[PDB]
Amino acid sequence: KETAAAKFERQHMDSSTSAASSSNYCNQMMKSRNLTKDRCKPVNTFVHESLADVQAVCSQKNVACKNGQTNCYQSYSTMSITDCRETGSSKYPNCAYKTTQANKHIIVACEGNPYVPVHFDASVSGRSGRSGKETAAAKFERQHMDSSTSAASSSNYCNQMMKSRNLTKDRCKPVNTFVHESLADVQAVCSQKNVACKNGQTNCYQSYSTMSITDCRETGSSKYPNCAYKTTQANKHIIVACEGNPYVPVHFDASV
C-alpha cells in the first residue's frame, strides 16, 4: 500500500534532473509515474530539487492550504519546477502534455512524524504578487527556527542554512542562531520568564528550559559572496522579544 508520502514522491518529485530540457518531458514523465494509467491527469507539477530540500519546506513559511487546512508551507527559496498541462489534442491513452519550465516558490501540505510532504498545493512567484507579506513573526521563523532537525549534524550546517534562509543575499550576516525545537515550544516562551531585552525594553522572555540551538558565526576569512561560517551546537536557554496578537516571538535577543 502506497503511503501519502510515497505518492507525493511519485507524483511530484524529479530529483534526477535539475530541469526539463525537452518538450517531451511531460509526455514521458506523466506516463512513467502512472499519472495517465486510468485517465489523462490534466495538470501536474514536478519539482527538480532534492528530496531533502523539498522535505525541508515543511519547516518553512506556514501558509493556509487551498482547502482551508493550516498544514501548508511555502518554500523560502524559488525552486526549479516543470508544469505539465494536457494539450487540447490529447486523447487517452495517448495523453499529450505541454511542458513548461519555471522557477517559483512551492507550497506543499505536510503530515506525519517525520513531518513530510503529502500534497502539492501550488506554486507562487514574487512577480505574481502572491508570495505574500512577511510578518515579523514569519521573519523570526525564517531566521531563527529549524524544527526539521534535532541538532546540527555537520560542520557545514551553517554554510548551508545561512544561505538557504536567505541570510547571505546582499552580504554575510555575521552571527545568527537557529533553534531546534517545535514552534509550539518556542512560542510558549512568550509566557515564561519575563526579562529586559538588550535594548532596555521589557517585552523579552527567557525560556524556562534549555533548548537545542545552533550558533552560526562567520569565520575570520569569510568574504561575500562566498560566506563561510563556523557551526556550534549547544543547549542553552533562549531569550526572545515577543509582540502582537497572538503574542509571539519577533526577535532573538540572546541565549544564556
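All residue numbers are counted from 1 along the displayed sequence.
Looking at 91-99 and 180-188 together, the entry lists the larger mean B-factor for 91-99, computed on C-alpha atoms. Between the stretches 72-80 and 154-162, it is 154-162 that shows the larger average CA temperature factor. Out of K193, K31, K61, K66, it is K31 whose C-alpha atom has the highest B-factor in the PDB entry.
Across the residues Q233, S22, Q11, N245, the deposited record lists the maximum Cα B factor for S22. The deposited CA B-factor of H119 belongs to the lowest third of values across its chain. Compared with the other modelled residues of the chain, the Cα B-factor recorded for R85 ranks in the highest third.
Annotation for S212: CA B-factor lies in the middle third of the chain's modelled residues. Among the modelled residues of its chain, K1 has a C-alpha B-factor that falls in the highest third, as given in the PDB entry. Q206: CA B factor in the lowest third of modelled residues in this chain (values from the PDB entry).
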